[PDB]
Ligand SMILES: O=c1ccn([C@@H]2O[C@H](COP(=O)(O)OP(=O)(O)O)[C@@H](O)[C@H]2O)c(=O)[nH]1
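As structure tokens, one chain now follows by itself in the form solved without the ligand.
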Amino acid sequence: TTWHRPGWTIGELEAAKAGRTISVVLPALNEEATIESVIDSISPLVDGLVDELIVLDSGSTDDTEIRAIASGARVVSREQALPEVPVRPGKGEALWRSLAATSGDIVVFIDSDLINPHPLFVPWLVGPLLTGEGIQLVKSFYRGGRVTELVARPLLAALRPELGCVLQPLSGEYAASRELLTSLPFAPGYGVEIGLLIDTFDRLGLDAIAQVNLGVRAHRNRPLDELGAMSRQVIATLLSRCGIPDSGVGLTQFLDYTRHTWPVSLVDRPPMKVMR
């Protein structure tokens, strides 16, 4: 079920909640330039469609936290989200921890590096969960995605061709039921999105998954070497889901030449349910 153009009104969607709550999480690591625009794009929904909004500050050392606070957002460190458990690096750790710092029946993730995101992102993502049947996960897609098109989609075609129809498997913008998310392990680092998608599919099949058009995403764009490490972790997570042993050996890069090895992790966090 793919929406190329949503149309629900905020008021329709709110009516459709039927006692269900909605939390929104913005994970953030050093996004001082864009965080404020993102928070402002969503905060008008708070106390209405959105019951709760947090910024999960993931170790920022710039002005991310102060600017987020000044935009009226509740800011939660990785440590505060789950203080009994020492913090590991990477995005996946942050999202997993964010489940402990929220209580919505529905959880929405939005990356904090978006440049002026549309204020209907959140309504568009929750639409299928609210008005559909059996949808537990909603992915975004949009209109240059080097990792997505060179790494994730081609590996999916190779190893889970059934997910070939997912236009943006690595998309940082998505929503899901708490019941699903707290039932799934969380891959480390940049592996978290692909892991959630494959795990969701393996457990519930395609009928539990939707994808919605958010139009065009401005963000961006990153250095090649950081993409290398990201790809490595995506590969590691994807191979693991396909029953394939990963060496655990980090990508090395040669910058004569000097060498650098990036970390990779083969350790998922378990379902947040076990932490109950």
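All residue numbers are counted from 1 along the displayed sequence. Shifts are known only where both forms have a C-alpha. Between two forms, the rigid core is the largest collection of C-alphas that superpose within 1.5 Å.
Note that the form solved in complex with the ligand isn't included here; everything after this is about it.
Of the residues 33, 208, 29, 251, just one reaches the ligand in the entry with it bound with a heavy atom at 4.5 Å or closer; this is 29. By the 4.5 Å heavy atom rule, the three marked residues 186, 199 and 269 all fail to count as contacting the ligand in the entry with it bound. Under a 4.5 angstroms non-hydrogen atom cutoff, the ligand in the entry with it bound lacks residue 124 among its neighbouring residues. Among heavy atoms of residue 90, some come within 4.5 Å of the ligand in the entry with it bound.
Remark: residue 105 does not count among the residues lining the ligand in the entry with it bound, judged by a heavy atom distance of 4.5 Å or less. Heavy atoms of residue 112 reach within 4.5 Å of the ligand in the entry with it bound, making it an interface residue.
Stretch 216-224 is the answer when you ask which of 240-248, 216-224, 65-73, 43-51 has residues with heavy atoms within 4.5 Å of the ligand in the entry with it bound. In this stretch, 178-206, the one residue having a heavy atom within 4.5 Å of the ligand in the entry with it bound is 190; the partner itself is omitted from this view. After superposition on the rigid core, only one stretch of three or more consecutive residues whose Cα atoms move by at least 2 Å between this form and the one not shown is found, at 1-5.
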